[PDB]
There are 8 protein chains.
Amino acid sequence: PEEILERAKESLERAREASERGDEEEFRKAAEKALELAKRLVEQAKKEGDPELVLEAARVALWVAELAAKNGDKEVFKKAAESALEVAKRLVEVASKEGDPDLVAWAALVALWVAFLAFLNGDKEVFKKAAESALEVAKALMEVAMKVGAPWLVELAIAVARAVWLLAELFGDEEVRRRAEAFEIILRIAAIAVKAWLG
Amino acid sequence: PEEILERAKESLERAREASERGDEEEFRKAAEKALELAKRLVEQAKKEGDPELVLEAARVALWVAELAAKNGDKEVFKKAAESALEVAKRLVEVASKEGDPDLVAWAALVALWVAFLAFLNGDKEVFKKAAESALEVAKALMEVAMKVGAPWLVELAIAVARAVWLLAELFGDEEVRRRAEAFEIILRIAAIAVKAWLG
Amino acid sequence: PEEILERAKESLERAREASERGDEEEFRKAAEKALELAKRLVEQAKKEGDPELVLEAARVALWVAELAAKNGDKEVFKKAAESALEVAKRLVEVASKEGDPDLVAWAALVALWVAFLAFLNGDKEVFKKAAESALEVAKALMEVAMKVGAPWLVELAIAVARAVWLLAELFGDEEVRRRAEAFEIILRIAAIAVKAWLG
Amino acid sequence: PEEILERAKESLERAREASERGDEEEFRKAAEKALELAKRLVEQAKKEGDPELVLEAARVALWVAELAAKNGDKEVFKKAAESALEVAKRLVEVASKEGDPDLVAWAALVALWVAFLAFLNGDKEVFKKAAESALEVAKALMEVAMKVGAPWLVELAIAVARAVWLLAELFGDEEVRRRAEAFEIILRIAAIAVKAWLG
Amino acid sequence: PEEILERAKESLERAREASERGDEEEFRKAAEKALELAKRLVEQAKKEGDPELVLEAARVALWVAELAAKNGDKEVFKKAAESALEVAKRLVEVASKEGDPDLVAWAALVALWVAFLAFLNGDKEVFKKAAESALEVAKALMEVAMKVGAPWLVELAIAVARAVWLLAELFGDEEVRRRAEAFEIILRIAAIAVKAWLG
Amino acid sequence: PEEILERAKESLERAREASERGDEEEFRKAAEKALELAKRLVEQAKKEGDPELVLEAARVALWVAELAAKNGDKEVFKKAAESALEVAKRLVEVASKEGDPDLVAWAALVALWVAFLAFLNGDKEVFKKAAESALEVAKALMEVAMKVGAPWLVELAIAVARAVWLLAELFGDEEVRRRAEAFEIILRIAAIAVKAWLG
Amino acid sequence: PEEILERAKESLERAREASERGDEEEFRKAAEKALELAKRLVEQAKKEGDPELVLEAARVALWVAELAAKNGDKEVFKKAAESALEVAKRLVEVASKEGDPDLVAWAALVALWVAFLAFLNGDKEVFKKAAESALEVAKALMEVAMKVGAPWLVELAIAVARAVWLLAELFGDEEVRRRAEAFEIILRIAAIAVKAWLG
Amino acid sequence: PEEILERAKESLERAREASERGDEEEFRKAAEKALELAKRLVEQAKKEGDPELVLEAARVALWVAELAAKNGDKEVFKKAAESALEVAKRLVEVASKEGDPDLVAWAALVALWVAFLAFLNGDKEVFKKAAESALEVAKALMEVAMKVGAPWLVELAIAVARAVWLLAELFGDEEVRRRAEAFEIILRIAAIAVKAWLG
């Protein structure tokens, strides 16, 4: 994972330099190499039981995504966002498996950041994918909160729902906005339930 | 119940894989097998006096329902929601029988989640069924609260009424909305009564 | 009263099964048998000085009423609501006779529940009867509060007035709404008087 | 007074039964007999120095008035309200004579209840008479408060003024409403004066 | 003063009886006799240094004024209000002479009550006279407050200004309203000054 | 100063009697004699170092001004207001010379009272003169506050600015209103500065 | 500096007398002599290291400016305001050199007072110069606050920004208003930074 | 760095004098010399590991930028702002490298000040560059806050986001405004996460 991480970082540097200079071939090549290396690192994380590696792969994926938006190359941006959301899902899975809150919060932040990058570039499709992943992460976040105490997870989940709603508000995807509003309502109910259970 | 639970879980995995790959025959087959197994597990729960089994069958039913909405296959979604509401009713029954609050709260959450899935898919019929079941659960929730103390049940019941109202607001079923508003009023009254009684 | 109560309960079960299956003859027959048995039980309560029997007869009557609304058979629903309001009046009478607050609160809740069932079915006539009975119960509630202390009865009475007003608001019976608003005003005055007297 | 009270109560029972059955001759006869007996009891109260008798005569008069409104027989209702207001005036007189607060508060409540009965039946004339009597009672209430301490009388007086205003608001007698608003202003001033004096 | 007071009281009783029966000659005769006797009593108060006599003469004058409004005889009502305001001025004078707060507050209340009686009868002329006298009393009230401590006089003065403003608001005399608003502003300033001085 | 004060007071009594009777020659004569005597008394105050004499001369001038407004004789009212404002300026001067807060507050009140008298009579010219003098007094008030502590002077100055603004609001002199608003802003700044300095 | 200060004061007295009498030649002559003497005194202050002399020269300049506005002679008013702003700049310089807060606050007040005088006379040009100098003083005020503690400087700076904004609001120079609003925003940020740093 | 700093300061003095006198050749020459010297000083800072040198170079760059806006020479202003933003980026880099909060806050303030200078001059291009750099600094600020404690960094980051939004509001660059609003939402989420993590 260490050599993998360093190679992925150097490829990200290549991609940033190619974006500043204005390359495409090296741009997409280093980008997809970084995503392949990040997926390989995610594989290594589960084969060797390391959660932090998943988070770092997510961060690497996020960096690649941000670069695409500055660059604007959508063809690679979509692949990067798909990778980032998949890594977020894997993070949720391993966190619910182990019972570690911080991983869930990082998953929620990764989902929301993919959403924000979409909102910046203006890609309604990946925006919907991101919002769906974020609401799913809110689900799993409330569930973990119920499982392992940590009341602040409840507040974080409600706030993530509100954030998804407001982001859909600015962008305009009323479908996503309706999903988010209904989810905030039902999550307020579940929140009162879990708070009473634990506290 | 254990082997039953594992078989139902594996059938749910089959259904999820069939939904991602895009199957229908295996999709509906594994789905209805999961519902049949969940109903069998509900039977086993009462024949062997286990409440938690009812909750797990509800969760399994809920998972199947969510999948239908992602999939969109309404013909199975309606059966799944009917099963989920019936399991919620059984949960209310056994909870009022024993005097266990947590079961009632889980029933309310199951009803509201069926409602939210309906709101997502946009099926006004099952939405009305879900809202009615939820208000009934609020009734039984206030009743138990009066029976076994636990004041937080009162707040949960009022909040469930408010949630049903707001969900009907977003969807638009003004009939359900009127039922919910009137129910919130009369429940505020009953709430002041029960709070004075217990506290 | 015990055998009477069990027979009334079994008749209620008959009525529920007939409503689910879709009967009318057995429906109305078991319903009117339940009401006759509940009135007989009310008789037994006074002849043997038992208040709780009155409350249980009220509950049985309420159950029959709810069933009519799900069923929609108005011809029996009106008789059931008339019975329920009469039982509420008897409850008020015996409570003011003995000086027991809880009975008065249960009377208020029974009146409001008859009102809510009317609002559900949409029968303005019985709605007016229910609202009148509820305001009368608020009168007697303030009176008892003055008699036997228990300040919370004051808050309950004001809240019942507000609830009658809001229910008339949703339904639309402006006459009942005006009665309720005027009654809330004069009850706020009486409330300040009684609070100063006792506290 | 005791035999007088019992005879008046039995006549009230006659009147209630005649109202339920639908009589007029016995209705008005028992009603006017009850009012005559209540006035006789008021006479007995002053000739034998008993304040509580005045309050009970007021209550009896109030009961007769309520019955008229349910019945709707205005020709007797006006006489009943005139009697009730006169008894309220006598109560104010004897209370200011002795220096007993509770009697004044009961007078205010009697006046407001006559007003509310008028508002129910819709008789603007007696409504104006009632509002005038109520404002007069507020005057005497502030005066007693200044005389015998008891600060809560001040709050009760201001609240009675506000109640008269709101009742005139619902009914519509803008003249009475203007009287009440001006009276509330000047009573707020007098209230600050009396509070500073006593406290 | 004692025999004078009793004769004035008996003349007031004559006037009340004449108003109920509907007299004019005896009405005006007893009224002007009462006012003459009250002025004689005011004379006696200063010749024998008794402040309370002034207050009682004011009360007697106020009673006569109220009666005129119920009666509506304006020709005597104007004389009564002129007398009452003059007695209020004399009360202010003697209070500032001696340094007794309660007398000033009673003067303010007398002025406001004359104003309220005018507002009832609807005589804009005497209304303006009353408002002017009330603002003058507020002036002298702040002055005394500065002289003899007693901070509550400050709050009473500001409240009297606000009351004059609101009364002019309901009646409509915009000139008086403007005077009152400007006076409230300058009195808030003087109030902050006096509060800082004393406290 | 004593004989001067008594002669000025007697001349003021002459003027009041002449105003009630309706004189002009004696009215203006006693008025201008009172103003001449008050100016002579102001001279005596500085020649013999007595501040209170200045305040009493101001009060005498204020009394003359009030009388003009009741009378309405503008030709003398303008001279009286000019005298009063000049006395206020002299009061500010001697107060800043000695360092005595109360004198400054009395100056502010005198200026505002001249303003209020103008607002009553409706003389926009002297109103502007009064507002200018009042804002100047607010300046000197903040300055003294900075000099001799006494934080309440700060609040008094801000309140005087607000009062000048509101008075200009009612009257309508938008120029004066703009001056006052700007002055309130800059005085809030100076107030935060002085509060931090002292406290 | 002492003889210089006295000569400048006497020239200011000459200018005030010439303004009251209505002179121009002596008016402008004494004015420009006062400004020349104040600049000479500013020179003396730095050559002999005395900050208070700068403040007194500023005050003298401010007095001359005020006089111009009462007089209205713009040709000298502009020179006076230019001098006052330059003295304010010098005050800021020497204060930041030494590290003395009070001098900075006095600079801000001088700038705002020049602004207020401009707003009075209505000279948009010098108004813009004053607002710019005031915002510059706010900059240096935050900087000193960061340098020498004294948190109240932060609040004073924010308040000066708000005051500049409101003054531009009343006058109408939307450009200055936009500068001030943006400056208030960025100063709120810098304020949170400095508060966290020090406190 | 010391001689470099002094030479850069003297060149800044040359530029200020040339701006007041109205030069262009010396203006741009001293300006670009100052920027070259500041970049050389930034080089020296990293080659000799001194963070404060970076901040001083930023301050020097900021001073040059301000001067351009007063001067209005855009051709040099753009280069100055580019330099300032690059220095801000370098400051963020070295701060995240070492783990020193104050440097990050200074970077945010530098970015916002470049933005404010742009808003003053009205150059939408550099305004967008500045807003982007500021949001990037907010990102790195939250990241450091998570890294090295110091909760106040969280509040500073949220406030910087709000400030960028409001600045875009006044100027009008709705694109930048949308970026800022979305960033504030996602930063509120990240803020709740980091606060829960640390505190």
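Read the figures in this text as sums done on the coordinates, not as results from a lab. Counting neighbours? That spans all protein chains shown, and the Cβs are built from the backbone with ideal geometry, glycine included.
Can you tell me which condition residue G:122 does not meet? The list is (1) farther than 22 Å from residue G:155 by Cα; (2) buried (at least 23 other Cβ atoms within 10 Å of the Cβ); (3) not acidic (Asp, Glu), and all the others hold.
Among (1) farther than 22 Å from residue G:155 by Cα; (2) buried (at least 23 other Cβ atoms within 10 Å of the Cβ); (3) not acidic (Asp, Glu), the lone unmet condition for residue G:122 is (2).
Starting from residues that are part of a helix (DSSP H, G or I) and surrounded by fewer than 19 Cβ atoms within 10 Å (Cβ to Cβ), keep the ones in segment H:140-157 and report whichever is nearest to the other protein chains (Cβ to nearest Cβ). Spell out the reasoning first.
Applying the first criterion (part of a helix (DSSP H, G or I)) to segment H:140-157 yields H:140-148, H:152-157.
Cutting the leftovers down to surrounded by fewer than 19 Cβ atoms within 10 Å (Cβ to Cβ) gives us H:143, H:146-148, H:152, H:155.
On the way: H:143: 10, H:146: 10, H:147: 13, H:148: 14, H:152: 4, H:155: 7 Å.
Looking at the filtered set, the residue picked out is H:152.
Could you identify the single residue in E:193, E:131, E:182 that is over 23 Å from residue F:138 (Cβ atoms) and touching a helix residue (DSSP H, G or I) at 6+ places or on another chain (Cβ under 9 Å)?
From the options E:193, E:131, E:182, the qualifying one is E:131.
For segment E:166-199, what are the residues that are at the interface with chain F (Cβ under 9 Å from one of its Cβ atoms) and of a type outside the set (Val, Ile, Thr)?
Selection gives E:178, E:179, E:181, E:182, E:183, E:188, E:190, E:193, E:195, E:196, E:197.
Could you list all residues from segment H:79-119 that are surrounded by fewer than 18 Cβ atoms within 10 Å (Cβ to Cβ) and within 14 Å of chain G (Cβ to nearest Cβ)?
Listed by number, the residues that qualify are H:100, H:102.
How many of the residues making up segment F:77-105 are among the acidic types (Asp, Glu) and in contact (Cβ under 8 Å) with a residue 24 or more places away in the chain? Reasoning before the result, please.
Narrowing segment F:77-105 to residues among the acidic types (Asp, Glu): F:82, F:86, F:93, F:98, F:100, F:102.
Then drop every residue that is not in contact (Cβ under 8 Å) with a residue 24 or more places away in the chain, which leaves F:82, F:98, F:100.
Looking only at that region, the number is 3.
Test each condition in (1) in contact with a helix residue (DSSP H, G or I) (Cβ under 6 Å, 6 or more places away or on another chain); (2) under 18 Å from residue A:31 (Cα atoms) for residue A:95 and report the one that comes out false.
Against the list (1) in contact with a helix residue (DSSP H, G or I) (Cβ under 6 Å, 6 or more places away or on another chain); (2) under 18 Å from residue A:31 (Cα atoms), residue A:95 comes up short only on (2).
The conditions are (1) charged (D, E, K, R); (2) farther than 30 Å from residue G:145 by Cβ; (3) under 13 Å from the mean Cα position of the chain (by Cα), and residue G:40 fails exactly one of them. Which is it?
Only one criterion in (1) charged (D, E, K, R); (2) farther than 30 Å from residue G:145 by Cβ; (3) under 13 Å from the mean Cα position of the chain (by Cα) is unmet by residue G:40, namely (3).
Out of curiosity, is residue H:43 farther than 28 Å from residue H:112 by Cβ and in a helix (DSSP H, G or I)?
No: the conditions fail for residue H:43.
From C:18, C:57, grab the single residue that is in a helix (DSSP H, G or I) and under 19 Å from the mean Cα position of the chain (by Cα).
The match here is C:57.
Could you tell me how many of the residues in segment B:158-199 are in contact (Cβ under 8 Å) with a residue 24 or more places away in the chain and assigned to a helix (DSSP H, G or I)?
Qualifying residue count, segment B:158-199: 23.
Within the set of pairs 6+ apart or on separate chains, which have a first residue in segment B:134-150 that is farther than 15 Å from residue B:111 by Cβ, a second that is in a helix (DSSP H, G or I) and aromatic (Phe, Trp, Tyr), and C-beta atoms under 8 Å apart?
B:146/B:197
Do you know which residues across segment D:158-181 are crowded, with 24+ Cβ neighbours inside 10 Å, among the small types (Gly, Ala, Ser) and over 20 Å from residue C:197 (Cα atoms)?
D:180
Any residue in segment F:1-25 that is more than 18 Å from residue F:71 (Cα to Cα) sitting within a Cβ distance under 6 Å of a residue that is of a type in the set (S, T, N, Q)? List the pairs, counting only those 6 or more apart or interchain.
As it stands, the answer is F:1/F:44, since those pairs meet every condition given.
For residue G:12, all conditions in the list (1) under 18 Å from the mean Cα position of the chain (by Cα); (2) closer than 21 Å to residue G:116 by Cα; (3) not basic (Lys, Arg) hold save one; what is the number of the exception?
(1)
Just the residues that are in contact with a helix residue (DSSP H, G or I) (Cβ under 7 Å, 6 or more places away or on another chain) and over 18 Å from residue A:9 (Cα atoms), please, taken from segment A:47-69.
The answer is A:51, A:69.
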